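Notes follow once the structure below has been shown.
Here, each number is a calculation from the coordinates, and none is a lab measurement. Cβ placement follows ideal geometry from the backbone for every residue including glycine, while neighbour counts extend to all protein chains displayed.
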Amino acid sequence: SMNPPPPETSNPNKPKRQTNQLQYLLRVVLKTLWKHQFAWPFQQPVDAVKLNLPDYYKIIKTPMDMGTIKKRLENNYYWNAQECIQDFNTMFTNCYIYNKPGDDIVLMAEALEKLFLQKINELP
Ligand SMILES: COc1ccc(-c2ccc3nnc(C)n3n2)cc1OC
């Protein structure tokens, strides 16, 4: 059960813009979630081979992680702030999909999602 390549993070042909919303998403949202005690399973793509999770990429067809989001923000990959917010939401929902209600990893993702929402509440 091979891992897929990680999501694309840079496209020099995509037009680029700097907005207050995108700057906040990197400098506040991504930065704060990265430093959360429970962030470490979400800082890079799920390595289903190393973790012995052969069904991970049979269930999760839209993988996402904070390492990918960080790169997308740095590379001006997002034009709309909603694209970034959607990626964070895909990351949390993937965890809820693969796992089950009450699992430790689900409770960790729920705590990160609650911090995300406290930070997004304050978006420009
Ligand atoms: C670096 O180490 C790890 C990295 C990730 C996981 C892990 C396991 C199941 C799962 N379901 N959704 C997500 C996200 N994950 N992440 C576990 C790790 O070590 C035990």
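Structure above, values below:
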read-out: Normalised per residue, the volume of the convex hull around the Cα set of segment 34-124 (Å³); value: 109
read-out: Mean separation of Cα contacts under 8 Å, 6 or more apart, over the residue count of the chain: relative contact order %; value: 36
read-out: At most 16 other Cβ within 10 Å, DSSP loop - chymotrypsin sites (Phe, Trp or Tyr not before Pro), segment 1-73; value: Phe38
